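J.: enclosed are the sequence and the experimentally obtained structure.
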Amino acid sequence: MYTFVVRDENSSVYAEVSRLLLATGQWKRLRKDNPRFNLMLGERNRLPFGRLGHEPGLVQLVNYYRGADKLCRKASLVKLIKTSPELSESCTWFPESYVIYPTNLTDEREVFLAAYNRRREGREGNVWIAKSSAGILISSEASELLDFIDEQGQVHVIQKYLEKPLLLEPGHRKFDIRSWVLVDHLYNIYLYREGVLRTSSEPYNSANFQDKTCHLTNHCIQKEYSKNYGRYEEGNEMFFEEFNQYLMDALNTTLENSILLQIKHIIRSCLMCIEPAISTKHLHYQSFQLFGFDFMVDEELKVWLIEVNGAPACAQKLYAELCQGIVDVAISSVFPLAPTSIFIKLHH
Amino acid sequence: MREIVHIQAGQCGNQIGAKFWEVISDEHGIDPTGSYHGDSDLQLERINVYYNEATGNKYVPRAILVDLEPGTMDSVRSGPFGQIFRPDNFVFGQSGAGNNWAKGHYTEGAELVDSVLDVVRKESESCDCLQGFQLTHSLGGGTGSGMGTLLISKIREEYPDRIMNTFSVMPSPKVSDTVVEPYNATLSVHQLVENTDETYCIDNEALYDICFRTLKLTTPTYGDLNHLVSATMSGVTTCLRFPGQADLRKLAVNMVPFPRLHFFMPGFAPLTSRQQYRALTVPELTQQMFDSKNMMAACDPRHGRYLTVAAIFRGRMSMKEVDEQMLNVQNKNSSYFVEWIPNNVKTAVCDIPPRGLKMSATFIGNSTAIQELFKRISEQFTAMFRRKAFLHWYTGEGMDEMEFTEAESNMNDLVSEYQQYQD
Amino acid sequence: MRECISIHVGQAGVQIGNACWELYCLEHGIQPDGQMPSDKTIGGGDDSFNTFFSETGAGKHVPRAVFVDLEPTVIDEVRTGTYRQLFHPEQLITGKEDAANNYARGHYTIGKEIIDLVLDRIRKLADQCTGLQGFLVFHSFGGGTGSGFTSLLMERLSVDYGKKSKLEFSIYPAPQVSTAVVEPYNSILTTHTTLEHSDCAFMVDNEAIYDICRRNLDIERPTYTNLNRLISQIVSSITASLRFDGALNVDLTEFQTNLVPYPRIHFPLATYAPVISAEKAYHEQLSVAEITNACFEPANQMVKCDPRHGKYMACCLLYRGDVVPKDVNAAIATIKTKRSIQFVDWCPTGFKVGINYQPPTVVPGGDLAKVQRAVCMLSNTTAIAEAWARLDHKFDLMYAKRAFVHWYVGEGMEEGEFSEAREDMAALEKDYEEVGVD
Amino acid sequence: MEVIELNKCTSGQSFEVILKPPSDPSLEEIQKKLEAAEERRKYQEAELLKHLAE
Ligand SMILES: Nc1nc2c(ncn2[C@@H]2O[C@H](COP(=O)(O)OP(=O)(O)OP(=O)(O)O)[C@@H](O)[C@H]2O)c(=O)[nH]1
Ligand SMILES: Nc1ncnc2c1ncn2[C@@H]1O[C@H](COP(=O)(O)OP(=O)(O)CP(=O)(O)O)[C@@H](O)[C@H]1O
Ligand SMILES: Nc1nc2c(ncn2[C@@H]2O[C@H](COP(=O)(O)OP(=O)(O)O)[C@@H](O)[C@H]2O)c(=O)[nH]1
Ligand SMILES: CN1CCN(C(=O)Nc2ccc(F)cc2)CC1
Ligand SMILES: CN1CCN(C(=O)Nc2ccc(F)cc2)CC1
Ligand SMILES: [Ca+2]
Ligand SMILES: [Ca+2]
Ligand SMILES: [Ca+2]
Ligand SMILES: [Mg+2]
Ligand SMILES: [Mg+2]
Ligand SMILES: [Mg+2]
């Protein structure tokens, strides 16, 4: 009989994993402040890693990787990519980005301004996007991007706004791709075969970045400020089977060749890069973590990495399967119970 | 050189106290005449904790035998190891206490306590560094209950900084047919709550159910009850009698998180009557030891929560497998251990096993489930006291009713106190 | 030459002391009767080993140590053990009843009645010192004597020897080898009143030593002898610079200078390797690189914690055996490219290296095998604050209910000393996070 | 990767390698604490003996 505690009541993902574990008659749940636990579904902020692995005779496992924030922060991801020879500042799948600190406070202001004037001088598209982990701005004037950040009191990352995104038809609309990646204690990188496209039900308009509804494919901005919500697909969410058939009928290609290869490459490269820093191979406690990768696809069928979410939620239609997979490879693999896997192992 | 002075008072105190000295004397290689005839140096290393060394290499228990009637003590002196006790240390009266706490505490007992204290003082004066005292007695009679607690209150006045530890037999309507028992037990519990540091609750109710249900003894006798008390007393004192890691005050510092909550539930495995052939495995010792049927307080631990636990395994056994099994009981029932006292379960191993057992286990629990014991006594007490039935036996010796009301309130508060830490 | 006096307090402090001085005599070739045939300066001398041994006209080499225990059983062993002749009776002090795992009982009650005596025995050793450096105090956090009397001694020593450094070797409590429930209380009480008086303290978590014995020595149920033999090796590596010719960490002052940039952050992490079982058929000897890399595996640290998520303020490699500077730098360069070693900005990114050619000495009949080269890394990492987090957490769980508090109030301590000590630990954890986090 | 302050001798050697540059109570006060705690124990034991006297 194994035990586990729950320290993030807001996790829709691990609420199901907790509901599934108990449904096995072999997992007992304890109060959140109870130390004799096998598994910890920890909180997001300030998870007490320093207290894990010090209960004699208890093999303890947690659903977060200590140090994974270096990958799931707007400013951290930029710093990690440039300062890491594995990825190198020349990384060709990450949009050119800069870490900008408001003037009320290293900083890449003067460096960001250099490349900006270079484009304006070279008649090239100079439409950037300013955002932060904590309010997004899309503008082709640099003075607007910096003044917006100064009006805030936190760090902001300004990256090149993909001005030529792949537009689905019909609708002439933008979209992004969320891939759910699971890393077990042994550091095997499993990719959930099912992904989703969070499409904009509004036609992309390259002459009006003020109307951030056809540009920001967020499910909250589409269901709120977008008036075509749910017109083409349900909940502005298109799954791989449909997106794959579209590429076959329209572009005469497939999702595996044209997009998925690059995606599986970006995932491997990122997690392999930070592996020496976060691996729990020789640690007194074990870690796993579900990741949410967000990609953009341009007209040329080139994949770009937008961000990496550390506490990602799942699409309604895929909660059951994926959450079960988390128990098969991430939990039961460490505490076995008395396919055709749904994941794709990215060997390395 | 951490000596302990042993006191046994009353019929039950001496009959059980006598068995105790009989049992451990066999473990330390001391014969009925006090001569040592063992084969292990480990028998004598801590021998001076309970024994004194005399000329000719004689070992004399550090025990004071007290009763208000000569009946029981003549039994001890004529018992197996009767010739081992110090002759002077026999202090007895001629009137008895007639199962009357008042007679033991205020009248018949006061007439005799000063002489009992002259022997206590004599035994303590010969100790290099006295740990404290231990008392065996019942709470339902008159001498052990009434005069026993009087001795505690006077010892504590003379040795305020020494530790007081008692083995106290709680009365049960299944063993005793004396109506006043709840009165004597309630009055005694009031004293123990205030004046002892550690009290092992030996419930005759539990002892009876073990002999009748588990052991299958159809007509249990005190010899059957006291066989379980022997094994337990030997078990709980193992840490003190053999080189282990041990000190009365140290036990108290780790068992007693709150001064009033110093009443322990003892346990023992394997439960045996006076045909053990098959070896008991370590997992078998652990399950029985924690199962309620092996508890000697008549309290279902599943009804309360453990504040602290201490386990002692004796014999040559896998010390590694002991940790596994112990940590398995905690991590499989951690809902019965308070979570605000880290690592409240401790275990030791001793290599010398009791007589006739390849290996045994003793359980010492400070559980809030002990409240069921005090509730039981309190229900019986109030059933009579609301009618003031049988009070004339007591008011005739000078007691007032208010003194009963106070003892009633002290014990019901104790139950309320146990109930708060259980939540 | 400048003498160092060791003070062993409580059971753990004395039994560990008995293990160190055993090893000190083997490493310096001193016999159990105090004879040292190698010292040609009979009757004295100002050599490196004299910093730890005094000499008599009869040629006996006497440790500069004082053993203090509030109960006689543990020190009586040293009075009749193999090295019974090394120490004279004045050096061994024992009471009659111990502190009962009660910090207050050790600090206030029993400590008051024996404090002025221990200080008088110490003065008798200092009078034999032409130039005393300071003291190395061995004790446990958990025991009533190790925590309670130690803090009292540290306050007194600071008064009677103001300009003298005081290093600690402190045993951090681990449930796997402890039967006391109130050790978190004692650990925090002593760290509060001792912190301002200690210039550098090397914590050893018994949980760490326990697993090293089960994992590397194949000991199913490790005994205190198994633990103390390993602990003394680490202590010997850390004290070698004071007992042997050399230039790194030549005196106690050089420890605080090289390891402690901030006075409160004076708890360096220790990592030792290789730990090889003598029962092995025969081990393939490890290279300078292999053992240097091992100093960054958590399984070889005296405290389990992840230095990858702290920042370093100082790093010191102490090698014993066949080791030349060329290979050290080779191993270092390899480890920087592969390991996450983050120093604080206001500090340099570098390592101090010390090489002593004599390989580690093994105790006959012990569990450790003879190795051609070993290393002990001393790193001041903010990651060691994880130990304070665990300790403080257990304290909070019990103190919220005031469990066991009455045992301390009963010995004369005020309840405010609990919360006072706890607030200090809160400030210590905050100081660590200020340095190592962004 | 620079070595500095190489010191050699018969029994060993030591050096320093830099990879990158950077960027009490009195005797009287203790006697009062000890005696204050002793007085509180005296007061506590006095109230206990008073209890026993009654
Ligand atoms: N490593 C190691 N730890 C020890 C040793 N002896 C005791 N300990 C640890 O020390 C803690 C108990 O403190 P002690 O040193 O035994 O107590 P004390 O200093 O003698 O003080 P008292 O309370 O009077 O007994 C426990 O956590 C033990 O694990 C030892 O020899 N080696
Ligand atoms: N460089 C870029 N070029 C084009 N569009 C971009 C972009 N960066 C962000 N976007 C738009 O913004 C959305 C992603 O925003 P971002 O992920 O930074 O905010 P967020 O973190 O609150 C959403 P999530 O819930 O996925 O974490 C995408 O739908 C995309 O259309
Ligand atoms: N377990 C056990 N209980 C006993 C024994 N003798 C008496 N009792 C119990 O103790 C109570 C009677 O007290 P008793 O010792 O005879 O009174 P006293 O002689 O006046 O002190 C009853 O509840 C009995 O059941 C005994 O030998 N063993
Ligand atoms: C040894 N004693 C015998 C008496 N006793 C008991 O049975 N009390 C009781 C009182 C009133 C009532 F109604 C029922 C029971 C406690 C144990
Ligand atoms: C005078 N009465 C006779 C009945 N009686 C008895 O049978 N005691 C008993 C002892 C042990 C046991 F287990 C059960 C009962 C109590 C005394
Ligand atoms: Ca009379
Ligand atoms: Ca000499
Ligand atoms: Ca100082
Ligand atoms: Mg986000
Ligand atoms: Mg009778
Ligand atoms: Mg001790």
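T.: Received, thanks. Numbers count the residues shown, from 1 in each chain, chains lettered A, B, ... in the order given. Ligands and ions are numbered 1, 2, ... in the order given.

J.: now do the same contact list for residue B:352.
T.: By C-beta atoms under 8 Å, 6 or more residues apart in numbering or on different chains, residue B:352 lies in contact with B:27, B:40, B:42, B:43, B:242, B:314, B:315. Every C-beta, even on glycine, is put in place using the N, C-alpha and C of the backbone.

J.: which one among these gets closest to chain D?
T.: residue B:242 (33.1 Å; C-beta to the nearest C-beta).

J.: coming back round to it: now list the buried members of the contacts of residue B:352.
T.: Among those, those scoring as buried are B:27, B:42, B:43, B:242, B:314, B:315 (criterion: 16 or more other C-beta atoms under 10 Å in any protein chain shown).

J.: next, format those residues as a markdown table and append secondary structure and distance to ligand 5.
T.: Compiled in a markdown table, these are given as follows (DSSP: H, G, I helix; E, B strand; the rest coil; distance: C-beta to the nearest ligand atom, whole Å):
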| residue | secondary structure | distance to ligand 5 |
| --- | --- | --- |
| B:27 | helix | 26 |
| B:42 | helix | 35 |
| B:43 | helix | 33 |
| B:242 | coil | 31 |
| B:314 | strand | 26 |
| B:315 | coil | 29 |
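
J.: taking those together, which two end up most distant?
T.: Greatest spacing in the buried ones among the contacts of residue B:352, by C-beta to C-beta: B:43 and B:315 (15.4 Å).

J.: beta-bridge partners for the nearest residue to residue C:358 once chain neighbours are set aside, please?
T.: Excluding its sequence neighbours, the residue lying closest to residue C:358 (C-beta to C-beta, 6 or more residues apart in numbering or on different chains) is residue C:320, at 6.6 Å. Listed by DSSP bridges, the beta-bridge partners for residue C:320 are residue C:356, residue C:374.

J.: ok, residue C:320 - contacts?
T.: Contacts for residue C:320 (C-beta under 8 Å, 6+ apart) come out as C:237, C:240, C:356, C:358, C:359, C:360, C:373, C:374, C:375.

J.: repeat for residue A:194
T.: Residue A:194 neighbours (C-beta under 8 Å, 6+ apart): A:180, A:239, A:240, A:315, A:318, A:321, A:322, A:342.

J.: try residue B:160
T.: With C-beta under 8 Å, 6+ apart, residue B:160 has these contacts: D:45, D:48, D:49.

J.: do I have it right that the last one meets residue B:159?
T.: No. The pair residue D:49 / residue B:159 is not scored as a contact, 12.0 Å apart, by C-beta atoms under 8 Å.

J.: compare the two (neighbour count), which wins?
T.: Between residue D:49 and residue B:159, counted using other C-beta atoms under 10 Å in any protein chain shown, the more crowded position is residue B:159 (17 against 12).

J.: how far does the helix or strand residue B:226 falls within sit from its chain's centre?
T.: Assigned by DSSP states H and E, residue B:226 falls within helix B:222-236. Distance, stretch centre to chain centre, for helix B:222-236: 10 Å (C-alpha atoms, centre = their mean, to the nearest Å).

J.: would you mark the buried spots in that helix?
T.: Buried, per 16+ other C-beta under 10 Å, within helix B:222-236: B:224-236.

J.: out of those residues, who's near ligand 3?
T.: For ligand 3, the contacts drawn from these by C-beta under 6 Å from any ligand atom are B:225, B:226, B:229.

J.: tell me which of those residues is nearest to ligand 4?
T.: Ligand 4 has its nearest neighbour among these in residue B:225, at 13.0 Å by C-beta to the nearest ligand atom.

J.: wait, doesn't that closest one sit right on residue B:176?
T.: No. With contacts counted by C-beta under 8 Å, residue B:225 stays clear of residue B:176, the gap being 11.1 Å.

J.: now do the shared contacts for the two.
T.: residue B:204.

J.: now do the SS call for the most centrally placed residue in chain D.
T.: Geometric centre of chain D, nearest residue: residue D:24, 10.5 Å, by C-alpha atoms, centre = their mean. Of the three states, residue D:24 takes coil under DSSP: H, G, I helix; E, B strand; the rest coil.

J.: pull out the buried residues from stretch B:47-65.
T.: By 16+ other C-beta under 10 Å, the buried positions in stretch B:47-65 come out as B:47-52, B:59-65.

J.: and stretch B:270-290, by the same measure?
T.: Applying 16+ other C-beta under 10 Å to stretch B:270-290 flags B:270, B:271, B:272, B:280, B:282, B:284, B:285, B:286, B:288, B:289, B:290 as buried.

J.: got the contact list for residue A:224?
T.: With C-beta under 8 Å, 6+ apart, residue A:224 has no contacts at all.

J.: any idea which helix or strand carries it?
T.: For residue A:224, the element it lies in under DSSP H and E is helix A:219-225.

J.: show me where chain D has its helices.
T.: Here chain D has its helices, by DSSP state H, at D:27-53.

J.: quick check, central residue of chain C?
T.: Closest-to-mean residue, chain C, C-alpha atoms, centre = their mean: residue C:169 / 2.3 Å.

J.: what helix or strand is the residue nearest to that residue when sequence neighbours are not counted on?
T.: Among residues not flanking residue C:169 along the chain, residue C:138 sits closest, at 4.8 Å (C-beta to C-beta, 6+ apart). Assigning secondary structure by DSSP H and E places residue C:138 in strand C:134-140.
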